[PDB]
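Colleague: Structure provided below as structure tokens; questions to follow.
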There are 2 protein chains.
Amino acid sequence: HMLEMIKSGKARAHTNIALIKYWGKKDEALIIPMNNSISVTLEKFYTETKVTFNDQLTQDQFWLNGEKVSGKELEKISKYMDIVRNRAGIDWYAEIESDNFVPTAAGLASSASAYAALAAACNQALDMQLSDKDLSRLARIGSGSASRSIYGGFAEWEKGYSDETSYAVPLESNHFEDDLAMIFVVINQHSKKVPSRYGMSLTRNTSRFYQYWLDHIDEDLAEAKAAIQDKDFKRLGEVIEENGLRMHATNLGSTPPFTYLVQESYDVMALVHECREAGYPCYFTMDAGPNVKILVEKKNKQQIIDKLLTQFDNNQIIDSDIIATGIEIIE
Amino acid sequence: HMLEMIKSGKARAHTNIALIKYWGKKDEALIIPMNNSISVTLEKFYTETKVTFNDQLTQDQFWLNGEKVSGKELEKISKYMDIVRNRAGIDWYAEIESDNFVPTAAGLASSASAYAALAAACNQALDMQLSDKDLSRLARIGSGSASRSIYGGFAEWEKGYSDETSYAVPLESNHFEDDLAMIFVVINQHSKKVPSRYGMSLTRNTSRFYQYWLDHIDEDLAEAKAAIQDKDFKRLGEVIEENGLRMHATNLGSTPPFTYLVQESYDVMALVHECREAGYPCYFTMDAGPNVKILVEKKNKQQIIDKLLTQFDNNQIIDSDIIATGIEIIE
């Protein structure tokens, strides 16, 4: 009977945002990055994924938010699933049922929560009994950012140099996370975005300013960790802000050059400058798109939102706390 | 009789575009730059200025393209005229009649040609008998880029260290200019631009990435000068292209960050990349606004234009050869 045979599991993983950036791969196939990255795991945003391995199935199936997935997005997950199958030592195809509590039409990325959730769900389903390290490795090979979403709070993706040594590790921050939040200003762009995978490889392999990135990253890593250790908010925010801008500076050197940023991105940056000037510490970062994310202390969260509303619509403004705990299995 | 008494002169100065950039003043009031710059003087674009000093005149008057100028622009030129009066040793007010053959509503800057033509017209009018050096100085203190337009072909603004030592000098290029042209792609952005004077001061004083500019500028000058002496187009083209992109990289680090570039700027850059791939060497540069300028060999000018027209409107595309001779007095 099916209920004797099927192997199944369900997990919930939250998104994380990179404060110290992953930008450029050393190894493209294996998703080994050129540098370590530091992230913060967000409470509001997650993916919940169920996976059901069944011997009778001939293809993987994938549903996202109740809609059957077809095309290259299904092709992509089936490739990932061959890796999970290879690792578990099992040949059964699977039905994947996933729900995103991530506003990705708002251009919020779900890659991070999607493969952490799927890895966690497979680990459950197939009784792989993976450590967090091994679980982070499995998420990493589908999406680099997802390695980090095994953990709550502050996480560091250790680059390593092979499939075995590249994974995320929890950063000790002594509940520093509990005082902080992030504000997202969602921004609509006319032009279709440069896709992140293509975009970072073009820059990493091609940019006349990529050395600038590599020259400063280890400093930024040590500085970020040290401010985290010391619960120094201004010191952390300053590194992360210049870090993200340098990430973006590098795209300007690529052959040919490109930008993730639009004028409205810059308008949010001006408002966060005015906010600091006004006595409210907060710091911006941008990923592979025009949206601006703002690290703030919870004590000033509303003060920052009020200033943003003088310039931006209420529907453009989302916030989240930092969730202190890691990946959850749904029982 | 008025004709016994009045002192008048008329000149034509052409615009110049910087290939190795002026970006950052060491001294604001005196317009001393943080670094040398190398420009090419353009044949198609220019200003013609007549000045008439008259002893009955109680105020300076300024007509541009036959329209009377009032407000801040008149104020600005009367300040400049005060300097010219002081240097000449005369106290007579003047009537300035200027015609721009530069399309400035297209965002092409006339600062370069306007203060050179004015300085040259005053030097005639008042019989200052200024060397090319001292004339370049006089232009410099109204607009920095204008120092360079005393010369045709290739010119270098030597930063010096005072009002006396900061001026432009002609570069020996052995008729390299004659083989070259520039294409302008005019771009209409829908935000108002950051004014250049304010923009370069904010960045010079504030940018997290401005050290990067200064760390690379001397090599870039030496390299550009070397490729000019050697008539090496691709070698010149490569430095001038990276040089301009680094200029823009700097504004990204300012407090708060800004950009001169818009999406359409980037599209022009993608097209010059494709032109190079297709066998047509050309190289792009950008100033304090979104227009893209393309340095090309004349043999390939039409070819780049044809490729630009697959993407851009005919009215967006202006070209110019490099004029080899310097500032002209009229009569």
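By convention here, the chains of the structure tokens are called A, B, ... in the order presented, each chain's residues are numbered starting at 1, and ligands are numbered starting at 1 in the order presented.
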When you look at residue 166 (chain B) with a cut-off of 7 Å (counting only C-alpha atoms), what residues show up, excluding the ones that are within fewer than 5 positions of it in the same chain? I need them as number ranges by chain.

Modeller: B: 32, 137, 158-161

Colleague: Could you save the residues just selected, with N, CA and C atoms, as a short mmCIF file (atom, residue, chain, number, x, y, z; two decimals), in the first residue's frame?

Modeller:
data_model
loop_
_atom_site.label_atom_id
_atom_site.label_comp_id
_atom_site.auth_asym_id
_atom_site.auth_seq_id
_atom_site.Cartn_x
_atom_site.Cartn_y
_atom_site.Cartn_z
N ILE B 32 41.12 74.46 -8.78
CA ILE B 32 42.31 73.64 -8.87
C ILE B 32 41.89 72.15 -8.70
N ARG B 137 44.65 79.78 -17.79
CA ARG B 137 44.40 80.22 -16.40
C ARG B 137 43.12 81.03 -16.26
N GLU B 158 47.18 70.64 -16.50
CA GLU B 158 48.16 70.40 -15.45
C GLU B 158 47.60 70.97 -14.12
N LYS B 159 47.38 70.10 -13.14
CA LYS B 159 46.71 70.57 -11.92
C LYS B 159 47.41 71.73 -11.21
N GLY B 160 48.75 71.76 -11.24
CA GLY B 160 49.52 72.78 -10.53
C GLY B 160 49.13 72.79 -9.05
N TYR B 161 49.15 73.96 -8.43
CA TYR B 161 48.92 73.99 -7.00
C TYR B 161 48.40 75.36 -6.54
#

Colleague: Write down, as a count of residues only, each residue of chain B that has any atom within 7 Å of an atom of chain A, counting only C-alpha atoms.

Modeller: 11

Colleague: Which one of A:222, A:11, A:94, A:29 sits closest to residue 113 (chain A) if you count only C-alpha atoms?

Modeller: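 Closest residue, counting only C-alpha atoms: A:11.
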
Colleague: Neighbouring residues of residue 46 (chain A) were defined as those with any atom within 9 Å, considering only C-alpha atoms; residues of the same chain fewer than 5 positions away were excluded. Please report them as a list in words.

Modeller: residues 12, 13, 14, 15, 99, 100, 101, 102, 110, 112, 113, 114 and 117 of chain A

Colleague: If you measure from CA of residue 7 (chain A) to CA of residue 327 (chain A), what distance in Å do you get, rounded to one decimal?

Modeller: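 Distance reported for this atom pair: 19.8 Å.
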
Colleague: How would you write, as a PyMOL selection string, the set of residues in region 85-318 of chain B that DSSP gives as helix (DSSP H, G or I)?

Modeller: chain B and resi 85-88+104-106+111-125+132-140+144-150+176-179+196-206+210-229+233-251+263-277+298-308+314-316

Colleague: So what do you get for CA of residue 128 (chain A) versus CA of residue 88 (chain A), distance-wise?

Modeller: 6.3 Å

Colleague: Determine the nearest neighbour of residue 293 (chain A) from the options A:33, A:195, A:326, A:237, counting only C-alpha atoms.

Modeller: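 Nearest to residue 293 (chain A): A:237.
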
Colleague: If DSSP is run on the backbone, what residues of region 177-326 of chain A are strand (DSSP E)? A reply as a PyMOL selection string would be ideal.

Modeller: chain A and resi 180-185+282-285+292-297+317-321
